[PDB]
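K.L.:
Residue numbers (the deposited numbering), protein chains in the order written: chain A, 2 to 253; chain A', 2 to 253; chain B, 1 to 44, 46 to 251; chain B', 1 to 44, 46 to 251; chain B'', 1 to 44, 46 to 251; chain C, 105 to 156. A prime marks a further copy of an entry chain.
For each residue, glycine too, the CB sits at the ideal point set by N, CA and C.
Following this message is one structure expressed as structure tokens.
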Amino acid sequence: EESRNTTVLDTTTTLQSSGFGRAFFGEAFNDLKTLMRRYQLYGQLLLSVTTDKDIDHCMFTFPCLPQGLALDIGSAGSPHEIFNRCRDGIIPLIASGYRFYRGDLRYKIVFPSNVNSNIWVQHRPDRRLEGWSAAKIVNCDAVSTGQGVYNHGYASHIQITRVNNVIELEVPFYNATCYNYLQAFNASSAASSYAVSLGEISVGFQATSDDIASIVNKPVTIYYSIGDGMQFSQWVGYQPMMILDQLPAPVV
Amino acid sequence: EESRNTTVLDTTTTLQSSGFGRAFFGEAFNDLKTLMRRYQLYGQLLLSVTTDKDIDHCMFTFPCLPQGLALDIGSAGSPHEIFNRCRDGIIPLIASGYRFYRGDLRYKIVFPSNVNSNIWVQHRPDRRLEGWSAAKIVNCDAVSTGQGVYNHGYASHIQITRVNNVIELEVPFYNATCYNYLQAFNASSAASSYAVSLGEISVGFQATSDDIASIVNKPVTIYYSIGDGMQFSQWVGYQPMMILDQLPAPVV
Amino acid sequence: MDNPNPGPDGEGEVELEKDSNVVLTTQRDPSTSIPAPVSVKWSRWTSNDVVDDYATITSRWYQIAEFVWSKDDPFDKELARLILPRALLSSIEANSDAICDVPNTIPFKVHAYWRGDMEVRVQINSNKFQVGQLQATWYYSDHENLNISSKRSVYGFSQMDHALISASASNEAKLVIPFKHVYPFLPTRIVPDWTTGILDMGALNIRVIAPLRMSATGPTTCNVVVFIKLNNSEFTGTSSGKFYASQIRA
Amino acid sequence: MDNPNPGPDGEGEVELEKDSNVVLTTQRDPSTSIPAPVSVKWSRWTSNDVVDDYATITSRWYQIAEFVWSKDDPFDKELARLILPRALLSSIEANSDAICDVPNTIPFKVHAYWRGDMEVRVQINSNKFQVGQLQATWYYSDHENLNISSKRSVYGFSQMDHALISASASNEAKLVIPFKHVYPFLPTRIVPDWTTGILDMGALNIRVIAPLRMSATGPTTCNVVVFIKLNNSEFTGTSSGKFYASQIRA
Amino acid sequence: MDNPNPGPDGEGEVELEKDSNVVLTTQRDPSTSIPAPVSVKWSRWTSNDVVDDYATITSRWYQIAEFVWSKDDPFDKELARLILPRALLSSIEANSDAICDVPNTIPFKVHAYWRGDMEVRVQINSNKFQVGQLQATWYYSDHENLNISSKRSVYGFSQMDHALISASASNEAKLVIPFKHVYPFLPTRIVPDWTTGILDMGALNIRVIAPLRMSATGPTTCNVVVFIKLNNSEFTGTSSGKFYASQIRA
Amino acid sequence: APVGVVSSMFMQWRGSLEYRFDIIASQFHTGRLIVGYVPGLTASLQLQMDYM
């Protein structure tokens, strides 16, 4: 069996327990769940207006899942240095260790400062993730479906950038499932696709196109953490790691 | 292990215990220590004056140990028939079986009858035995050290041959040791040499040289037994024996 | 202890494991490994229609895979990535006869939906002088995880709990496999919201941790056989068997 | 009883013997043989100067000899007449490094005098199909006894208590060796009254009682290794280590 | 349990079976088979003349047959149809010396009539790697039954109770054989109403149920030896030994 | 090892590790092996090691 221990050959005299730093630093690091709630960078983008957007059009939409977005190094010419360098993170690294999850997420999107415009944020529980490809932030183009616009029923919230430019969130667990998939997802069942993302958040500015020019190529970093109610389930061993200090130097 | 007995295959119905002859002859032979105290021939000699001895000179000196003197068959022309024939004895044969001893000895030297002269007997705890060679009776020559003469401090006794010609002794245990060596001795440590003999007894006549001529080539047999306080220690298996009835005949 | 007395009977005790009308024996202690705590019944939340476990036939032991394991197989070498609810059906159909023929699997021919704990024994008969070691590892909904192709290696299954099958001891590997899946019930045929990946809880897989090693003139092969009980199951949604389609060939 | 069930773990229990920070195992029961009753401490009678056993380092197990035992060795054939307090030092120095390097033996580098019980295990790894039998026999102050050259044979050590090491069972031979010597303490260097025969209590010796026997194509060699605990010891007479001389080469 | 620790002693316990002055051992548990309930003494009904069992010599174990059992022997192949009271005498005389010489059998030289339970052990020393199986079967007054020549086959003795001697386990077969015969006493010499078929209770016979099987270079032969206690006996009718005739040669 | 991933997230660690050794052999194999531990070996001293 895996955790069996046939015949211990103890040499150690007993070492003092430290309580995971409780005896030194004053804080236990035993529960890995409480570390999971330190916020992590989730995605990152430079806003890119394409079509002449109206008040209603979403500026970008991303699926919201604990697994972490499929990692986006960026194009070879313009890397997002943190994901290029600081690969993945903590929460996805532990999400690597389990096979199912059932819980909330929190986000705290940090909008660009220079813009003044109001910002709405839909949550869309309906949407199915459609394979691990296109599990990434998407800059929506011309409206053609209801995907591109504000919608009435979906839960939403509207930060006033002028007052404070970081809307904070609580994406809830709405799925008709026991508990969702947690590793990378290739979609076998067609109904397996409802079994991953908590929803499909959509951020959108209310700016008219005359003012939208200020917004172009302004950064919008995003954060996430597992939201207290989260509970990963089945243990599954780690897929091979790739040591970071061993990554190649830029070379002068 | 040596004394282990894995699976006895008893066939015997129980035999009556005899108590080692207690039930017949009226005396137990169980304890081998009490047999050790029957006296044994220890050495033997024909006195041989060389130098013109004074009153004080020792006539002969021998180390006194339980192991028995190194066996002296005598020269090929003039064998001492008992050691030649009746090899060793009992006490040395059992001294063969143990590795350490710690105890007294008794001697009862039997001087020649024809001589009248007084006889003194030193005990000399000081002396180291010097290897198994020269662990034998020695006919001392000209005085050169204090070895050849009567000494003041050493314990001594003086038989009057005219009254009874067999001084009886009790050589005591004087060594700065836990307990002495008991097999044959080759002297490894220089301080190992104090670890064998109880002492180094010296017999000497008080005759002037004019009277010493009567004494020449008169036998002086010696006896010994382990003296009650003796206690051999560590068990050690017997070295190969040599059966006596198988010794060669004189051949007519 | 330490007192052998073999007779005509042979030496050791023989522990059993009767179920319905199938008894099967292992001389050795099973190396049990249980991935999850036993499942709650869950017919309550998703089935008005008549529900019934068929304990007298579904719970019988029935073979699903068997395979030679020769010394030629290199260290990390899959012997069998069995799916489980499917292999119980896929093997039968692979053996050129319909699901209806086999008593264990008739309720699948009818009922639209299945749930329930599984049992899997991976019995072996290596000779005592052979040296080697299988691992048997259950991995829930493997197919859903696209990067699994990299994980699927003995270093990667040894971290999750897994049975070990030493070829020296010819040890038999028990493996309780309680139901866990994103959806409480597994469909047994094409169903309105999904089609592909039918009746696929996940996959047992038997990677080698140590290849057989033997004297050059010793016994090369080492056969293995894998029985599967389907115990605390329950079926729901009665439906005609003509809707049923033969399981994907695998 | 009589119910083998080998697993990945293998079959039998593994008894241990931890000391300081050295644990070592034997699958088999040791064939203990104890020549003498345990020694009294005796620092009382011959040492004003500070005395101290170093239980935390002197009592550790440490190897002193190892040797192949091939079938070529004839019936009565010594494999190793180890001296014991010396071999613990003589082997280290023979291995081309000073006594100071090894934790067990540093106090010998300093203290002028040693006393104390020894422990000696003569572990072996003969294969189960081999047939043979070592004896291990401790003989106090052997060198002092000049006729020992005749005694030193298996007929002659089997009379005193001695360990037996069957090669069939691959049995391990424990051997308690309590201090007994004519002088209560053994010096660790040249000392005013003796020089030669330094630190020489006596000798372990491992005569063969039955040569290995095997099929012509079977395993010829049978290695043996001999650990030595130095437990209830005590050292006395602190002294500079520059006085210490390398042990006689043996 | 399951904790082997072989020593110089070897591993298992050795059960014994002392009688008079003969002890003999079997490492394995005997496969006892007892054809009949123990006999009543019956000297009461047919002997005024002095009667006396000789427990101190008649009850001793003594060999009566021994035989090689090579792999060449085909499935159903008799190894030895021993008669029993006769073989105890017939073997001795076959070994070229008179009955009077052997302590077990002297009372037969004198007393006209015998009765009493027998014991028969069929010890074997097959190697552990051999595969085969003797049966040992006692058949009362076989010679009286003329069709026995057809019955005398392993299918036919396996129906009556019989010992089994696996060659794998080298099992030893105990076999109590209480007296039963049409006449309460067996004569030891020609007697007024019968002559032929003297002292013939019936016959032990050791048919093979499975021929030895082994690797081509393995140990071919497998020797067997058969001891016979003659315990709860009683003799009656004292008579001169000159009347005694040597047993039929068989 | 799972300990080798869960401990990469943290700057500091302490306490005992446990190396199980499955020596895969038939019971008829026999042998013996040291499994030592040397405190304080800098990489230059990583060599010069031998079981003694």
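1) So, do the region 181-198 of chain A and the region 88-105 of chain A have three or more beta carbon pairs nearer to each other than 8 Å?
2) Measure from the C-beta of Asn-148(B') to each C-beta in chain A' and report whether the shortest distance is under 8 Å.
3) What is the DSSP secondary structure of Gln-160(B'), reduced to helix, strand or coil?
4) Residues in the same chain with beta-carbon distance under 8 Å from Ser-49(A'), minus the five sequence neighbours each way, listed in chain order, please.
5) On the DSSP bridge assignment, give the partners of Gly-149(A') in chain order.
6) Fully enclosed by the region 64-137 of chain A, which alpha helix (DSSP H) runs are 4 residues long or longer?
7) Helix, strand or coil for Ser-240(B) per DSSP?
8) Say whether chain B' places a C-beta atom closer than 8 Å to the C-beta of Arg-44(B).
9) Is it true that the region 25-38 of chain B'' meets the region 175-193 of chain B'', where meeting means three or more beta-carbon pairs spaced less than 8 Å apart?
10) Against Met-113(C), what residues of chain A qualify as contacts under a CB-to-CB distance less than 9 Å, listed in chain order?
11) What does a CB cutoff of less than 6 Å around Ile-110(A') pick up in its chain, not counting 5 residues either side in sequence?
12) Suppose you measure from the CA of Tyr-102(A') to the CA of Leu-121(C); what does that come to, to the nearest Å?
13) Identify the continuous alpha helix (DSSP H) that holds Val-226(B') and give its terminal residues.
14) Following the continuous alpha helix (DSSP H) through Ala-88(B'), name the residue where it begins and the one where it ends.
15) Return no unless some Cβ of chain B'' is closer than 8 Å to the Cβ of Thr-62(A').
16) Please report the straight-line C-alpha distance between residue 274(B') and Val-14(B), rounded to a whole angstrom.
17) With DSSP run on the structure shown, which of helix, strand or coil describes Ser-210(A')?
18) Count the other CB atoms, across all protein chains shown, that sit within 10 Å of the CB of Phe-228(B); report buried if there are 16 or more and exposed otherwise.
19) Using only alpha-carbon positions, find the residue among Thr-57(B''), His-163(B'') and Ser-48(B'') that is nearest to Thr-12(A').
20) Is DSSP giving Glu-15(B') helix, strand or coil here?
21) Which term fits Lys-41(B''), buried or exposed, when burial requires 16 or more other beta carbons within 10 angstroms of its beta carbon?
22) Within this structure, are the beta carbons of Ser-226(A) and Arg-5(A) separated by less than 8 Å?
23) Counting only beta-carbon separations shorter than 8 Å, does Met-243(A) have a partner in chain C?
24) Under the DSSP definition of a beta bridge, which residues are partnered with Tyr-225(A)?
25) Label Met-161(B) either buried or exposed according to how many other C-beta atoms from any shown protein chain fall within 10 Å of its C-beta, with 16 as the threshold for buried.
26) Given that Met-215(B') touches chain B, what residues does it touch there, using C-beta distances under 8 Å?
27) Is the beta carbon of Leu-72(A') sitting closer than 8 Å to the one on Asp-89(A')?
28) Given a threshold of 16 other Cβ atoms within 10 Å of its Cβ, counted over all protein chains shown, does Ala-251(B'') qualify as buried or as exposed?
29) What is the DSSP secondary structure of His-182(B'), reduced to helix, strand or coil?
30) Can you confirm whether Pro-220(B'), when its beta carbon is compared against all beta carbons of chain B, has any partner nearer than 8 Å?
31) So, with DSSP's three-state summary, where would you put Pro-188(B'')?
32) Would you mind telling me which residues of chain A sit closer than 8 Å to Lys-18(B'), beta carbon to beta carbon, in chain order?
33) Does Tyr-114(B) pass the burial test, meaning 16 or more other C-beta atoms within 10 Å, or should it be called exposed?
34) Please identify the residue among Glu-94(B), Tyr-63(B) and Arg-28(B) whose C-alpha is closest to the C-alpha of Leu-16(B).
35) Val-132(B) lies in the beta strand (DSSP E); which residues open and close that run?
36) Less than 8 Å between C-beta atoms, sequence neighbours within five positions excluded: which residues of the same chain meet that for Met-37(A)?
P.N.:
Judging by the given coordinates:
1) yes
2) Here residue 148(B') refers to the residue found at position 147 when the fourth sequence is read from its first residue. True, the Cβ-Cβ gap to chain A' drops below 8 Å.
3) Counting from 1 along the fourth sequence, the entry for residue 160(B') is found at position 159. DSSP places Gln-160(B') in coil when its eight states are reduced to three.
4) In the second sequence, residue 49(A') corresponds to position 48, counting from 1. Counting only Cβ-Cβ distances below 8 Å, and skipping sequence neighbours, we find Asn-140, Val-217 and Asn-218.
5) Looking up residue 149(A') in the second sequence gives position 148. None; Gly-149(A') has no bridge partner.
6) 82-86 and 92-96
7) Stepping through the third sequence from its first residue, residue 240(B) is reached at position 239. The answer is coil: DSSP assigns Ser-240(B) none of H, G, I, E or B.
8) Translated into the one-based positions of the third sequence, residue 44(B) becomes position 44. False, the Cβ-Cβ gap to chain B' never drops below 8 Å.
9) yes
10) Translated into positions along the sixth sequence, residue 113(C) becomes position 9. Under the 9 Å cutoff, chain A gives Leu-33, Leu-36, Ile-91, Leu-94 and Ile-95.
11) Here residue 110(A') refers to the residue found at position 109 when the second sequence is read from its first residue. These residues qualify, in order along the chain: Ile-168 and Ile-223.
12) Stepping through the second sequence from its first residue, residue 102(A') is reached at position 101. Stepping through the sixth sequence from its first residue, residue 121(C) is reached at position 17. Those two C-alpha atoms are separated by around 55 Å.
13) Indexing the fourth sequence from 1 puts residue 226(B') at position 225. Segment 225-230 is the beta strand (DSSP E) holding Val-226(B'); no alpha helix (DSSP H) there.
14) For the purposes of this step, residue 88(B') is identified with residue 87 of the fourth sequence, where counting begins at 1. Taken as a continuous stretch (DSSP letters only), the alpha helix (DSSP H) holding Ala-88(B') covers 86-95.
15) Translated into positions along the second sequence, residue 62(A') becomes position 61. Output row for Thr-62(A'): interface = no.
16) This structure cannot speak to residue 274(B'), because chain B' is shown only from 1 to 251.
17) The residue you call residue 210(A') lines up with position 209 of the second sequence. Looking at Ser-210(A') - three-state DSSP - the assignment turns out to be helix.
18) To locate residue 228(B), count along the third sequence from 1; it is residue 227. Buried: at least 16 other Cβ atoms inside 10 Å.
19) Counting from 1 along the second sequence, the entry for residue 12(A') is found at position 11. The option with the nearest alpha carbon to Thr-12(A') is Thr-57(B'').
20) Working through the fourth sequence from its first residue, we reach residue 15(B') at position 15. Note: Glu-15(B') maps to strand in three-state DSSP.
21) As a working mapping, residue 41(B'') is identified with position 41 in the fifth sequence. When all chains shown are included, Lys-41(B'') counts as exposed.
22) Sequence index remark: in the first sequence, residue 226(A) carries index 225 (1-based). Sequence index remark: in the first sequence, residue 5(A) carries index 4 (1-based). No, they are not a contact pair.
23) Along the first sequence, one-based indexing puts residue 243(A) at 242. It does not; no Cβ of chain C falls within 8 Å.
24) Here residue 225(A) is taken as the residue at index 224 of the first sequence, counted from 1. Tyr-225(A) pairs with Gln-41(A).
25) By one-based count along the third sequence, residue 161(B) stands at place 160. So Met-161(B) counts as buried.
26) Taking the first residue of the fourth sequence as 1, we reach residue 215(B') at position 214. Those within 8 Å of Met-215(B') in chain B number zero; the least Cβ separation is about 15 Å.
27) Within the second sequence, numbered from 1, the residue matching residue 72(A') stands at position 71. Within the second sequence, numbered from 1, the residue matching residue 89(A') stands at position 88. A contact, by the Cβ cut-off of 8 Å.
28) For the purposes of this step, residue 251(B'') is taken as residue 250 along the fifth sequence, with counting starting at 1. Label assigned to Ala-251(B''): exposed.
29) Working through the fourth sequence from its first residue, we reach residue 182(B') at position 181. Coil at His-182(B'), not helix or strand.
30) Here residue 220(B') corresponds to residue number 219 of the fourth sequence, with the count starting at 1. By this cut-off, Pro-220(B') is not an interface position.
31) The residue labelled residue 188(B'') in the question sits at position 187 within the fifth sequence. The answer is strand: DSSP assigns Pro-188(B'') an E or B state.
32) The residue labelled residue 18(B') in the question sits at position 18 within the fourth sequence. Chain A residues near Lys-18(B'): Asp-11 and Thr-12.
33) Counted from its first residue, the third sequence places residue 114(B) at position 113. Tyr-114(B) is buried by the Cβ-count criterion.
34) The residue you call residue 16(B) lines up with position 16 of the third sequence. The shortest Cα separation from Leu-16(B) among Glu-94(B), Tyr-63(B) and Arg-28(B) belongs to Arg-28(B).
35) Sequence index remark: in the third sequence, residue 132(B) carries index 131 (1-based). Its beta strand (DSSP E) spans residues 132-141.
36) To locate residue 37(A), count along the first sequence from 1; it is residue 36. Taken in chain order, the residues that qualify are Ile-91, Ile-92, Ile-95, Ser-226, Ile-227 and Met-231.
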